[PDB]
Structure formats: structure tokens, C-alpha cells
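So the protein sequences, as listed, match chains A, E and D.
Just so you know, we're using the deposited numbering here: the first sequence kicks off at 5 and counts up by one.
Just so you know, we're using the deposited numbering here: the second sequence kicks off at 4 and counts up by one.
Just so you know, we're using the deposited numbering here: the third sequence kicks off at 4 and counts up by one.
Beta carbons: idealized from backbone N, C-alpha and C, even for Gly.
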Amino acid sequence: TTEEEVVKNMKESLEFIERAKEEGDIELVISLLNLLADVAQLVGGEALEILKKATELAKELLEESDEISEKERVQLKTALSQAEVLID
Amino acid sequence: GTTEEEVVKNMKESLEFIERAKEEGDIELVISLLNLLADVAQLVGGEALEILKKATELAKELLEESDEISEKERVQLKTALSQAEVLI
Amino acid sequence: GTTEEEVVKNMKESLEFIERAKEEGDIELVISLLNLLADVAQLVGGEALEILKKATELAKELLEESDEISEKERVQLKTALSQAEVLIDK
Ligand SMILES: [Ca+2]
Ligand SMILES: [Ca+2]
């Protein structure tokens with residue numbers, strides 16, 4: 005792989021998170037936020053900027069959604085913790 | 004700072020959800036939370052690893068407590084357990 | 004605690020389940036196991052990285068060959084592949 009191929013995949017993941025927030029697809033936000041954080045922890049650099057954008061959207065979903073279950077809340081906040089520690 | 008404290012606070016809530024999950028048979032949730040707690044604990048250390056040790060003990064029991072756990076679920080849980088056990 | 008042989012054992016069984024999930028079209032399992040393998044391989048190196056390499060080749064094959072993979076499954080699988088491929092090069 006190249007870094008450019010990785011950031012393209014991370015960008016497409018970010019776009020799906022943007023739409024998943026409107027859709028209420030909480031599970032995919034949890035899964036993609038965890039996957040993006042696993043990638044950015046190995047890549048650093050621009051991968052962390054994309055993770056920062058994904059983290060912002062997940063935070064908003066966590067605050068604005070009235071559909072999120074208690075199980076999804078605890079998973080999403082744990083994934084947020086991984087991201088927040090990386091983007092700090 | 005406020006980051007690490009919120010992190011370990013979030014991890015403690017997840018610990019409680021893993022316990023309920025282990026009793027409802029929500030093995031998927033146990034797998035997901037154990038992997039998320041390990042991803043966080045790897046970056047934080049300290050009290051995060053104490054919390055991970057406890058979640059590992061909870062997940063280890065569920066392994067062979069009620070044969071509701073499928074073969075696919077078992078291999079995923081064992082792989083997640085391995086991640087956590089190495090960090091411990 | 005755990006031993007490297009116990010971890011390598013679990014990693015080999017995961018790879019067996021991945022290859023089976025590839026031919027059964029179980030996309031979700033491949034995504035979950037590929038990510039779990041990369042998480043473990045990051046901490047152990049050695050033969051863990053060789054098992055990850057095999058799992059990565061199988062997941063690439065699944066991405067190119069399968070037909071009932073959803074759009075959302077695809078973007079998860081590509082990102083998990085990115086994680087694995089970066090670790091293999093680290
Ligand atoms: Ca919806
Ligand atoms: Ca992970």
C-alpha cells in the first residue's frame with residue numbers, strides 16, 4: 005500500500021460517517037471510527053487530521069441523536085476515547 | 004488531565020456493560036467492548052490496564068460458561084482476549 | 004498471563020475462520036477477524052505478522068471476487084485492509 009491509497013480509504017470512510025449521522029446508522033459510525041483510529045495510530049500525519057474530522061461527527065451524533073441505545077452509547081464513547089487520545 | 008480521567012471513567016462504564024452482556028448472552032457486545040477497551044488501554048496504560056484486566060476476566064468466564072456461544076463468536080472472542088492478554 | 008504460542012494458536016484458528024468466511028461470503032466476520040488479527044499482530048510481531056499477511060491476501064480476494072458485499076461492508080473492509088497493510092509495512 006501507499007499512504008495516498010490509505011488516506012483515500014480513510015476519506016471514503018469519513019464520507020460514510022457523514023451520511024451515517026443523518027441516517028442514524030450508529031453501528032457503522034462505531035465500526036468506522038474504531039477502524040479509522042486503528043489506521044491513524046499506525047499512520048500518523050494526515051491520517052490524524054481525517055480522524056479528527058470523524059471524531060467531530062461522532063461527538064455530534066452522540067450529543068444530537070435520540071435513537072442511540074445504551075449499548076451503542078457505551079461503544080461509541082469508548083471508540084471516541086481511543087480517537088481523542090490519538091488526536092490530542 | 005481531563006482526557007485520561009474521562010477515558011478511564013468511560014472504560015469503567017464499559018466494564019459494567021460487559022458484565023450484563025455476559026449474562027444476557029450478548030457475546031457480540033463483549034467482543035466489541037473488549038476490543039475497544041484494549042485499543043484504548045494500549046494508548047493510555049495505567050489505570051486503563053487495570054480495567055482491561057477486569058474485562059478480560061469477565062470475558063474469560065463467558066468463554067466456557069453457557070454453550071450459547073457459537074464457534075465463530077468463540078474464535079473472535081479468543082482473538083480479542085489475546086490482544087488484551089498481551090497488553091496485560 | 005498469555006503465551007506467544009497460545010496467541011499464535013488463536014491467530015491460526017482466526018485465519019481458518021477467515022478463509023471459510025471468504026468462501027461462505029460472511030463479509031462481517033472477515034472484517035471483524037482481520038481487524039482483530041491486526042490488533043494482535045501489532046503487539047506480537049513475528050509469526051503473527053505472517054499470519055496477518057495471509058489473512059490480508061484472503062480479504063483482498065474477497066473484496067475483488069465477492070458479489071453480495073454491501074457498500075457499507077466494502078468501505079469497512081477497505082479500511083481494515085489499510086490497517087493490515089500499513090502494519091505489514093511498519
Ligand atoms: Ca434512520
Ligand atoms: Ca481495533
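- Per DSSP, reduced to three states, the secondary structure at D:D29 is coil, with no helix or strand assignment.
- Counting other Cβ atoms within 10 Å of its Cβ, E:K12 stays below 16 and is therefore classed as exposed.
- Here the alpha carbon of D:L66 sits roughly 24 Å from the alpha carbon of E:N38.
- For D:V43, the nearest CB of chain E lies under 7 Å from its own CB, placing it at the interface with that chain.
- D:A51 places its beta carbon less than 7 Å from that of D:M14.
- Residues close to ligand 1 by the beta carbon criterion (under 6 Å to any non-hydrogen atom) are, from first to last along the chain, A:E27 and A:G28.
- Interface residue (Cβ-Cβ distance to chain A less than 7 Å): E:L46 is classified as such.
- Under the three-state reduction of DSSP, D:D92 is assigned to helix.
- In this structure, ligand 2 has a non-hydrogen atom nearer than 6 Å to the beta-carbon of E:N38.
- For A:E68, the uninterrupted alpha helix (DSSP H) segment begins and ends at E50 to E68.
- In the displayed model, E:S73 falls within coil according to three-state DSSP, outside both helix and strand.
- Listed along the chain, the chain D residues whose CB falls inside 8 Å of the CB of A:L61 amount to none; the nearest CB is some 15 Å away.
- Going by C-alpha positions, E:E74 is about 34 Å away from A:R23.
- Proximity of the region 78-90 of chain A to the region 75-91 of chain D falls short of the contact definition, fewer than three beta-carbon pairs being nearer than 8 Å.
- In this structure, D:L46 lies near E:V89, with their beta-carbon atoms less than 7 Å apart.
- Counting the other CB atoms within 10 Å of its CB gives E:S69 a total below 16, which places it among the exposed residues.
- Around the beta carbon of A:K25, 16 or more other beta carbons sit within 10 angstroms, so the residue counts as buried.
- At a Cβ-Cβ threshold of 7 Å, D:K56 and D:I91 count as neighbours.
- Here E:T59 is buried, its C-beta having at least 16 other C-beta atoms within 10 Å.
- DSSP, read as helix, strand or coil, puts D:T6 in coil.
- Scanning its chain for C-beta atoms nearer than 7 Å, with the 5 sequence neighbours on each side dropped, one finds around A:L61 the residues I21, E22 and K25, in chain order.
- Straight through space, the alpha carbons of E:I54 and E:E16 are spaced by roughly 10 Å.
- The alpha carbon of A:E71 has as its nearest neighbour, out of A:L36, A:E31 and A:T6, the alpha carbon of A:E31.
- Selection around ligand 2 by beta-carbon proximity, strictly under 5 Å to any non-hydrogen atom, yields A:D42, E:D42 and D:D42 in chain order.
- A:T6 has a beta carbon lying at 7 Å or more from every beta carbon in chain D.
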